[PDB]
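1. the amino acid sequence is not available; the structure is as follows:
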DNA sequence: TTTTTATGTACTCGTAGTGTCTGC
DNA sequence: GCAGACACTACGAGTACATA
Ligand SMILES: Nc1ncnc2c1ncn2[C@@H]1O[C@H](COP(=O)(O)OP(=O)(O)O)[C@@H](O)[C@H]1O
Ligand SMILES: [Mg+2]
Ligand SMILES: [Mg+2]
Ligand SMILES: [Mg+2]
Ligand SMILES: [Mg+2]
């Protein structure tokens, strides 16, 4: 930083004028800001019995169908659109639901399961090792934990935790915490 | 038949026009761009002793670069192409002359409309600069009774206005006004000096490059203007 | 004769593809609307869409260019990706047609979903090059053409003739077939078989010709070949009689007989019961057979699933 | 005259594309917002989006430039990739203007998806280069323009005119159509015809003119051509009428007609019955057609399985 | 022999796959229609579809090419994605067949849903290359072939012989099997067992041979082996008895037993309950079983869907 | 009796080596011995449906008793491109040892597998000399007919 | 007061890593 | 001779689509 009179140019001017596109890249990347998904405006239109505002937009038969699945009162008409959904106008599918799901309201939270992803690991690593599927892999964990303590099985198998396998189990640094955890208390 | 580094040369050129080629028995080869933007023709040393269709012209020119100059090209008993090098033999396909785009007959130019020339040296200076200067469109017009070429960059000025480049080609003897516009994309011809015969009739028109070795004929573009 | 033969090919629905716009069999207003164009001497942008195949789209695309002496470039739609447009199609369109000809780019079968982005690049292209060059599009399903492209084009919609046109167009095809027969050495013993071919698969004049190819196995169309085309293999009398009598031992027995072509038998049944039963029993027989038809092919044992239709009928169906 | 003719072209909806910002038919507020801009003399960053095609977007862009005597680079949106923005777009902005001319860049049809990177890249290009030049963007779907751009830009939405802007704008266009008929040599015997073209196509002026081309085939717009423009669309009328009347002989007959493209016909049916039937009959027509659609392709005889749909509808569907 | 042996393989229903078109066991008109082609010496576009497997499609595809001396390329349908067509298939078809042979591309088992887009690219291809080259398609389920492709092809439909052809074709297979026996060293003590194999799984000539393989365990077909082939069970007594008694623990247990051939078991059930139950319980058992039959093959767990039939019956069926 | 002495789970280390060690009913054991008799294996589908009967075991066995060069693969893992890449890389390959190649697919009656199963129609035919396929199923109907045609279907 | 199912296929964009052709 | 520069390849990310 010489010359000491430079009318500080913004992040972008520096980049572009000098022409280093990786600076240009961090700069552009700055606007990444990605969400959208007005899906609930369509969904809430079907609950609260309001004006459509559609076919102009991008409709997910699955988003809607699934969002409505949250509420037992809708199921009869969500189900109907299941067996019959394929081959309905993206629009027809919206016209039905509107003429089907009677009351309206919903607050957000969708149902997801509990994953002890310690436990998800142990099961996928039995499933891989023995080329058996998940339900059997289960029986496996039990008769090992029950008898043979399966530290040994965990001991012999740890060898392949291959970090790509990890890409299948969970999505983040919690993954890198497992990388260590199975490599540990056997 | 046997092909010489001279002719293998003139072909790598016709590969920049049509990916394929039609060659019928003789001393004469023509090709034309699939979209009819460019037509090339030439007379050659090596003598062409059977007809055939070549789908891949540039990849077979690639495979003939691996044998000796003495290599004997023959139709294969099995009808494809046999290249016999001394210690070796290569086998290359033939397609039917339906899938390669041949012109019918060797399109003869009309009586020209205006004529100039260009030196080998000065062709270099055009092509080679276009890249740097981003000259994607050029125009042959008259300036001070002396014909000049003009480079432009069509994306920058759609109107062919700020002329980024110019090369004076010789004196203009007759009296007519013209702007002929050629797409740099059609300039596929190899380097060297060319007699330049251009012709125009209204919404008709064309530009023939008459070389020493082969002839080239290139379409003009539609914003081209003239009275002829 | 008045007919075009390509003579470079053997496949016969393609040997006889029409050369000019007059040869094409078209609805009244559609012909007129093309002759009109071939007159103005210049071609607008045009979309020609079926969705029933073989109504003449890809023929008329080629036709129009012929009748105007276009300088034409034909392209497989599915080969027409974006960089194709950028390089060759753009070179072609920017090229001065030097002998003063309309340039026309025919993009055949452009309705693939994947080509959306190519069609988008195209929307500003068709405007830039509109003086020199025009685009003819063929598609089976329009909705695969982005709206902005349908704005830019004259959209002509094939194969929806009026009740009046259908009858006339068919009559025109019967003649056109006859003249193909004369040419190919097929002899026609019964004309009813030429008519029945045309009616059978109407909207589509391609399979209509290649059906003539494959029913010419023996080099004559006689009233025997007529049996196969119209095909009724039928004597349904045995089942109809057992249904009247409302017995089973007989029906239960007939089921495995028709298990063979179920699709045909269900037709011949709906056809002949419709006349033989009461009006409000007609509304039921469709509910009964129509349902049985739906689930066929899910049904494990076809023979049994056919029995279940017979019982269902004998009970609810009524007549004298 | 007052009208622009390009005279370099024959395609007529493009021969007559307006030159200035006045020539345009725009809603009140928008037109003024545009004059006001060409007044203050320098052009702000603008995004122009329809989404109905042919509302004037790309025309109003070219005009603002003519009215500012701007130095313009017109680019194909689909051609504008990251390297263009780095390249000849920066080359342009940074290179010098001694004309004292607003430097404007028109990016036409910028709504493609994969341009996300070219877009983020521009939104920054704007901060570094904003004071050399300015950017007008044409789009059909705005959503295809990253949100950071809609921010920095004035976003004017064509196509959604007030109720009064509908009424005046059409008048302005009826007048405009008549003027094109003066030049092209078309005679107007019945004017109700020029009003028909305009009402029928309204939001889209491009097809609106094009349809003027295709209906001038004979050279006069007369009371008979009225009957064609106005005449009432869909050919599903025969089935819709038979369903109202709850008869069979007719429905039973129409089935083999639409057996051809079932997938299309079922669409056109769901589309046109949805308006023509009672609200709780709407919930049933979907159950009825939605099921019939599921099992199609299992169904042996497609023609029959289509009949079974017709009967099912005529019974349960009720309406006036 | 008169018979073809491939001798490069042991799997016997494939050792004996017919070399020529004469060897194939085909319906009257279907043979005739192929001999006709092999004459003209050029092959059209052809679709050969079952949907019952092992009727001779993939054999006749290879056959026809032999009887014409085609220059042939065989392809797995599912391997036939779009870029395959673009590169290899297109190279092949554009290649001059230099020895003057028909080029024929056999695309075996092309009915996958995923191949739709490849089939679309294909529609313009089959037209461009129609002089040089033709395409033979095999599919189990037609509806997996886009309509525009069925237009372009002669669609021959296997496995629906007439009442006459069935009888003839079977007779031909009994001879064909006998000759295989001579060749493999299997000896036939009772011919009734060779006839019963053919009838038992008729439409399908493949499992018809591989059934001959597995009933030759002891190297002779005696009237003892005849017992097993014609066998089935007939022992439905266990289920019938549990249904009378209206219990579950037993029925619930029998379900997984008959889960194997559901189609057969449902037949033997309708057969034997029809006599053993009351008249108005007969009308219900058909409704109950008829429905259970329809939805089979939609049903996820066949075993359970069979249990649901047992419960349904035990409740409503009332009889002594 | 066989022991696999590197394995930690009972059922996996006591799995019967031969078509003998297995406990089966009458026409079952006969029909299996009758098969290994011919020294080359056809296509085969095996199904219980009552599980734990030995399905998956009898497969690894029939291979053993033929000195088959056997590739074992779980069905759940048999995706479309698995078939394309390895299983094809396998059946396309000739063997030095000149044995029969065989592919056991355990429990192929799962769901997404559906489109894979269709790829095989024309595969099981295209290498029908080299190698053959043994398929295991708890429910048959979950195996598309055109496979049941290509395979000998024994039922336990 | 919300928020992403499975399996296969296709097109386009961007960049980085590989090549060959060229210039002291 | 190398190093520099140009061109062509491939993989990763994004996007969209259809059938179950
Ligand atoms: N017929 C049998 N004889 C001996 N052990 C058996 C038998 N069937 C199953 N097993 C035991 O089951 C284990 C594996 O069973 P498996 O074949 O996977 O059953 P399934 O195929 O029904 O899943 C073997 O280790 C074996 O000891
Ligand atoms: Mg076509
Ligand atoms: Mg536009
Ligand atoms: Mg097959
Ligand atoms: Mg198992």
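-> Arrived safely. Residues are numbered from 1 along each chain as shown, chains lettered A, B, ... in the order given. Ligands and ions are numbered 1, 2, ... in the order given.

2. pull the contacting residues for the closest residue to residue A:154 other than its chain neighbours.
-> Of all residues not flanking residue A:154 in the chain, residue A:186 sits nearest, at 4.6 Å (Cβ to Cβ, 6 or more residues apart in numbering or on different chains). For the C-beta atoms, the positions are set from N, CA and C on the backbone; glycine is no exception. Residues in contact with residue A:186 (Cβ atoms under 8 Å, 6 or more residues apart in numbering or on different chains) are A:151, A:152, A:154, A:155, A:158.

3. let's see that with 7 Å instead.
-> With contact taken as Cβ atoms under 7 Å, 6 or more residues apart in numbering or on different chains, residue A:186 is in contact with A:151, A:154, A:155, A:158.

4. what helix or strand is the second one located in?
-> Assigned by DSSP states H and E, residue A:154 falls within helix A:151-157.

5. could you pull out the buried residues of that helix?
-> Judged by neighbour count (16 or more other Cβ atoms under 10 Å in any protein chain shown), helix A:151-157 contains these buried residues: A:153, A:154, A:157.

6. tell me what it is packed against?
-> Taking 3 or more Cβ pairs under 7 Å, 6 or more residues apart in numbering or on different chains; DSSP states H and E as the contact definition, helix A:151-157 has no neighbouring helices or strands.

7. residues contacting it, please?
-> Contact partners of helix A:151-157, identified using Cβ under 7 Å, 6+ apart, comprise A:125, A:129, A:144, A:182, A:186, F:8.

8. where's residue C:216 relative to DNA strand H, distance?
-> In this view, residue C:216 and DNA strand H are 35 Å apart by Cβ to the nearest atom of the strand, to the nearest Å.

9. leaving out chain neighbours, which residue sits closest to residue A:111?
-> Per Cβ to Cβ, 6+ apart, closest to residue A:111 is residue A:70, 7.5 Å.

10. got the phi/psi numbers for the one you found?
-> Backbone geometry at residue A:70, expressed as degrees, to the nearest 10, gives phi -50, psi -30.

11. what's the answer for the one 5 residues further on, then?
-> Geometry field for residue A:75 lists phi and psi as phi -40, psi -50, criterion degrees, to the nearest 10.

12. for it, give me its contacts.
-> With contacts defined as Cβ under 7 Å, 6+ apart, residue A:75 is in contact with residue A:69.

13. next, work out how far apart it and chain B are.
-> The span separating residue A:75 from chain B equals 58 Å under the rule Cβ to the nearest Cβ, to the nearest Å.

14. residue ranges for the helices of the chain, please.
-> Going with chain A. Using DSSP state H, the helices of chain A run over residues A:11-18, A:21-28, A:39-47, A:61-69, A:75-83, A:90-100, A:117-130, A:134-146, A:151-157, A:163-169, A:173-181.

15. chain B, not that one
-> B:5-14, B:57-63, B:120-133.

16. so which of those helices is nearest DNA strand H?
-> Closest to DNA strand H of the helices of chain B is helix B:120-133 (Cβ to the nearest atom of the strand; 7.0 Å).

17. residue in the stretch 151-300 of chain C nearest to DNA strand G?
-> For the stretch 151-300 of chain C, Cβ to the nearest atom of the strand, closest residue to DNA strand G: residue C:152, 18.7 Å.

18. what about stretch C:45-53, how long is it end to end?
-> In stretch C:45-53, first residue to last residue: 21 Å (Cα to Cα, to the nearest Å).

19. now check it, is it near DNA strand H?
-> No. Using Cβ under 7 Å from any atom of the strand, stretch C:45-53 stays clear of DNA strand H, coming no nearer than 13.7 Å.
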